[PDB]
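Heads up: the structure comes next, in structure tokens.
There are 4 protein chains.
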Amino acid sequence: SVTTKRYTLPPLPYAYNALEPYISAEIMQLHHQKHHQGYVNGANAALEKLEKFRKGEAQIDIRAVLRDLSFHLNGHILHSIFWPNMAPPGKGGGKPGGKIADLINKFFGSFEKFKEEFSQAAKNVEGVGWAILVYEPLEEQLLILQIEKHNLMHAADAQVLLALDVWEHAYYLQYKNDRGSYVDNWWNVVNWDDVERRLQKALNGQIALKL
Amino acid sequence: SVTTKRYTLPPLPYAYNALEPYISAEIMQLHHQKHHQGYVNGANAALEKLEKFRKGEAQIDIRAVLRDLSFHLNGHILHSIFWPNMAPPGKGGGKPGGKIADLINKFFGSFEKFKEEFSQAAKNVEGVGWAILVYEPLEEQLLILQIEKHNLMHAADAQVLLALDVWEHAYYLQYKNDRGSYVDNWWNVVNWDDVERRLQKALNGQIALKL
Amino acid sequence: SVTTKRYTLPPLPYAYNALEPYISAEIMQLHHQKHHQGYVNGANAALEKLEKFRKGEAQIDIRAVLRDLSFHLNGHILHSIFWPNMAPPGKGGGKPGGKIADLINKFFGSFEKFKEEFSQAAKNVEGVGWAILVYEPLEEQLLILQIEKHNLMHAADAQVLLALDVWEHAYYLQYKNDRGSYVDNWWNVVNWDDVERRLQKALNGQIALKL
Amino acid sequence: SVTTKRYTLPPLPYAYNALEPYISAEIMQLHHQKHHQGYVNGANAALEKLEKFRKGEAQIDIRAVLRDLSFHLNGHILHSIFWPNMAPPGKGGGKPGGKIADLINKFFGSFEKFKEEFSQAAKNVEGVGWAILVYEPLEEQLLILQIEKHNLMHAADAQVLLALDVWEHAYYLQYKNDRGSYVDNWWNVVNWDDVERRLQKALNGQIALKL
């Protein structure tokens, strides 16, 4: 009668040390195996409370549980995008070509200016959060957003094409307090094929999470 | 070399008095003409700052503007979905039908369990916000979420199918502090024909807009 | 043994129509009997869950209950300060004198500038919240702060001297969406004797409550 | 003429290695020199913008700057309390005594229970934040609260007695993702005599700073 779909941790698209020297192998493991894994569990934990409520098996503090859901569900959605959003230098890094390159110049004027806006947004996230590029469906335009925690300030219905995680656990062991150096080096592992992939879908008015 | 798409206030699908005595014509007028117009304006003002920045004609407080943009943009998107999510009683109200009646019963067990979860999320919003129903694309399931202000707690990439505004200006003039009764009466105007259309687009792997 | 002190709704320092034509009696009535009461209620409810928890008598989602407590407790504290912060025209309105007038000139240049900063802080709160003037103990200076909801952005240890509620239920019935007109008119009922007493307590290194 | 009072980084009460093995000297150094210095700097940076606005020397995005001031000011105040809140094993650690130990039993029943409520609040702060024990003046009782970032959820006028920093930079280099071990190991350096004195102030209806 009542059914909820559960989440699972996606395997990384590469080896934990594949992004070195930009992101340490130890961070990659902790980030993937501990942090991302925790969001998957948190999402299911909240979903199970909701199912128990829906089955009439228990009451519920809907505000608390839905806050839990949003936080965890987003941590998971964003980390799922983050991993394939990167790749070993070669497949990753460099300048973008294709539609993503076109649209970037169109809305930002140049790749460099796009990097400035995105990198500055990432470096200036207050507390933990992300810097992301989304395709805005309503008026069809690229927009860079700052995200606090994992769920604050997303554009309703918008599709995340590229995300940069600036939660301290995403860089501290390697870069320490120097988030800025992390943000700058990260450009060396960005997978534009992945981003172009998602842009291809969003451009057609599609959701661009899978593939 | 740099462009930013602007937003405009969408026309209501009906007269202001269309939802009475569920939502007064005064509230409908203010909410739309004043409040919603404000969000369109705020979003555009933020873009103007970004456009200037991207052109190099000016600097920018990226955190400030991205926080601004996120707020107003969501205010605009959610209200644009909010209006067609309702209709003059007869065309609005009743119960769900179609793929949405099927999914609601699938994930919640019944329409009454759904109405209970959604209504409680709405009534239990802390401060000003919304109670929404979205299609979650990663595990393809329907979820109800609480949104604080206009931009807090959205699920990245998810498609908003049904939105219920619980900001005081959506009900106070009529129901005063009784947000609970505002919530209960609201179901008598829900345009389930609109929600179904949105779910159909969502299921096609499309964005729940422009349809 | 375990005991928690509970909160109670304090009486207004004047009748429900004492602030007209600046704040209608209906607003004052609702805001006091319904809203403020709701916060007192919320704080005690949260404390009853904590007490049960401390008596080993129950379990607890510490994040959910402490989030509830902080919001409601601040709602109560701020409203408790808000009522005596005003007074029927005569005792309220005009410019400040005594120490507060002095400190205001010292830190803002003049009362006119202060009122500018304060009104703009209040007119620009995003969503519901407050504009508050506090005495910063650490470095001894006046500061105006924006508060979102009742608990977001307060300065640790600081003493609230003057509070202006910009939640819609504090002005909507009369000013509708013109919060600005509301804020401008609010200066006519500001009980500067109250502000002064609180500042003097702060200056004394004391908590600015109870007179 | 307007003046603002600037903030300065306070020296630690002990050597950087003075709290090992519980908190590494690298953390202490980075935490103090980079992070705390950043908040003081950020607080002052906001004051500079506020100062010229008051001197009619420029315009101001009041929401932007007051949001900035709240975050940085709180970071400075809370860290300023955080440092003396700890002490090298000997002067720090063990259980409380005097008034604080006595009050912890009144409101929590036992030190054991208090430790559970405080530990659970700190381990369960969503994102980055603090767990704090304050003295709530209005009804005169000990309350534990969760703080997100440095400025969300504080209780107006409340005096912070003991603060625990759970921002990842406060532990990640040593404890990695295990916030739980960090929280548990921290008690071993708590300066109960400090919490005692601040409680004395609060009990004296005074502000708990500069002593």
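So the protein sequences, as listed, match chains A, D, B and C.
Plus 11 on top of the position in the first sequence (first one is 1) and you've got the deposited numbering.
Plus 11 on top of the position in the second sequence (first one is 1) and you've got the deposited numbering.
Plus 11 on top of the position in the third sequence (first one is 1) and you've got the deposited numbering.
Plus 11 on top of the position in the fourth sequence (first one is 1) and you've got the deposited numbering.
Beta carbons: idealized from backbone N, C-alpha and C, even for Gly.
beta-carbon residue i near the ligand GDP non-hydrogen atom, thresh 6 angstroms
i: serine 130 (chain D); result: Here there are no bound small molecules, and the ligand GDP is not part of this structure.
Nearest to residue i (by Cα), restricted to the options the options
i: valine 177 (chain C); options: C:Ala166, C:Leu23, C:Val194, C:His165; result: C:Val194
i: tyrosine 146 (chain C); options: C:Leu220, C:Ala26, C:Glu59; result: C:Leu220
i: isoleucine 34 (chain A); options: A:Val171, A:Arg190, A:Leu214; result: A:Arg190
i: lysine 106 (chain B); options: B:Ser91, B:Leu89, B:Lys124, B:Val136; result: B:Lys124
i: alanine 36 (chain D); options: D:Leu214, D:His180, D:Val139, D:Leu20; result: D:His180
i: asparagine 135 (chain B); options: C:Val139, C:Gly103, C:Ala75, C:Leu222; result: C:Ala75
i: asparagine 188 (chain B); options: D:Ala29, D:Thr15, D:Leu41, D:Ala174; result: D:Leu41
i: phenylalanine 129 (chain A); options: A:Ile115, A:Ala213, A:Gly49; result: A:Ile115
i: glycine 138 (chain A); options: C:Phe93, C:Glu127, C:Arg78; result: C:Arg78
i: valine 201 (chain A); options: A:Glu127, A:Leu173, A:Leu214, A:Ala26; result: A:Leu173
i: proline 24 (chain B); options: B:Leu214, B:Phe122, B:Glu159, B:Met39; result: B:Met39
i: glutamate 127 (chain C); options: C:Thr15, C:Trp198, C:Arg209; result: C:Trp198
i: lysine 110 (chain B); options: B:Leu222, B:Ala213, B:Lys212, B:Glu207; result: B:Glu207
i: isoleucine 88 (chain A); options: D:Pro148, D:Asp204, D:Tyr27, D:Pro22; result: D:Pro148
i: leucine 210 (chain C); options: B:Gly140, B:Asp168, B:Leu222; result: B:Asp168
i: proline 32 (chain B); options: B:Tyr186, B:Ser91, B:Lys117, B:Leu80; result: B:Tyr186
i: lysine 66 (chain C); options: C:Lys212, C:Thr14, C:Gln131; result: C:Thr14
Backbone CA spacing between residue i and residue j [nearest angstrom]
i: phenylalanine 82 (chain B); j: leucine 144 (chain D); result: 26 angstroms
i: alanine 112 (chain D); j: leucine 84 (chain A); result: 24 angstroms
i: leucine 61 (chain C); j: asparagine 55 (chain D); result: 26 angstroms
i: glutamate 151 (chain C); j: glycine 216 (chain C); result: 9 angstroms
i: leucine 184 (chain C); j: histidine 43 (chain C); result: 14 angstroms
i: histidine 165 (chain B); j: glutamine 157 (chain B); result: 8 angstroms
i: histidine 46 (chain D); j: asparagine 52 (chain A); result: 39 angstroms
i: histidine 161 (chain D); j: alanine 133 (chain C); result: 29 angstroms
i: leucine 58 (chain A); j: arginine 17 (chain A); result: 8 angstroms
i: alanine 142 (chain C); j: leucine 163 (chain C); result: 12 angstroms
i: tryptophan 94 (chain B); j: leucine 154 (chain B); result: 21 angstroms
i: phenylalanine 64 (chain D); j: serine 192 (chain D); result: 46 angstroms
i: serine 121 (chain B); j: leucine 214 (chain B); result: 20 angstroms
i: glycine 103 (chain C); j: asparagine 96 (chain C); result: 9 angstroms
i: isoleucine 71 (chain C); j: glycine 86 (chain B); result: 29 angstroms
i: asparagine 196 (chain A); j: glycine 140 (chain D); result: 38 angstroms
i: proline 99 (chain D); j: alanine 29 (chain D); result: 5 angstroms
i: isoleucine 73 (chain A); j: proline 21 (chain C); result: 43 angstroms
i: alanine 26 (chain B); j: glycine 49 (chain D); result: 35 angstroms
i: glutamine 131 (chain C); j: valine 171 (chain C); result: 18 angstroms
i: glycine 108 (chain B); j: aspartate 205 (chain D); result: 60 angstroms
i: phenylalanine 118 (chain C); j: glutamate 68 (chain B); result: 15 angstroms
Within-7 angstroms CB hit, residue i to chain B
i: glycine 86 (chain D); result: no
i: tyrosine 18 (chain C); result: yes
i: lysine 60 (chain C); result: no
Neighbouring residues, chain A, relative to residue i (Cβ below 8 angstroms)
i: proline 148 (chain D); result: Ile218, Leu220, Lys221
i: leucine 163 (chain D); result: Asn162, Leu163, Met164
Interface residues of chain A facing residue i [CB-CB closer than 9 angstroms]
i: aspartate 72 (chain B); result: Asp72, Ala75, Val76, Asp79
i: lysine 160 (chain C); result: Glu137, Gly138, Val139, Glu159
i: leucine 41 (chain C); result: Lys187, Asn188
Below-7 angstroms beta-carbon distance, residue i vs any chain C residue
i: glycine 191 (chain B); result: no
i: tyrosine 183 (chain A); result: yes
i: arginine 65 (chain B); result: yes
Residues that residue i contacts on chain D, provided the C-beta gap is smaller than 8 angstroms
i: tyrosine 27 (chain B); result: The premise fails here: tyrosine 27 (chain B) is roughly 15 angstroms from chain D at the closest Cβ pair, so nothing lies under 8 angstroms.
Residue-chain proximity (residue i, chain D), Cβ-Cβ < 7 angstroms
i: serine 12 (chain A); result: yes
i: residue 1 (chain A); result: Absent from the model: residue 1 (chain A). The displayed extent of chain A is 12 to 222, so no value can be given.
i: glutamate 179 (chain B); result: yes
i: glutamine 211 (chain A); result: no
Within-7 angstroms CB hit, residue i to chain A
i: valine 171 (chain D); result: yes
i: residue 293 (chain C); result: The structure shown has nothing for residue 293 (chain C), since chain C only spans 12 to 222.
i: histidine 47 (chain C); result: no
i: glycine 120 (chain D); result: yes
Within chain C, partners of residue i - CB distance below 9 angstroms
i: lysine 126 (chain B); result: Under the 9 angstroms cutoff, chain C gives no residues; its nearest Cβ is about 12 angstroms from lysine 126 (chain B).
Interface residues of chain D facing residue i [CB-CB closer than 7 angstroms]
i: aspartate 168 (chain A); result: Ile88, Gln170, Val171, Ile218, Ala219, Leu220
Chain C residues whose Cβ lies nearer than 7 angstroms to that of residue i
i: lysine 117 (chain B); result: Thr14
Chain B residues whose Cβ lies nearer than 9 angstroms to that of residue i
i: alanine 132 (chain C); result: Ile73, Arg74, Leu77
*Going along the region 81-110 of chain B in order, which residues come within less than 9 angstroms of chain D, judged by CB to CB distance?*
Correct list: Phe82.
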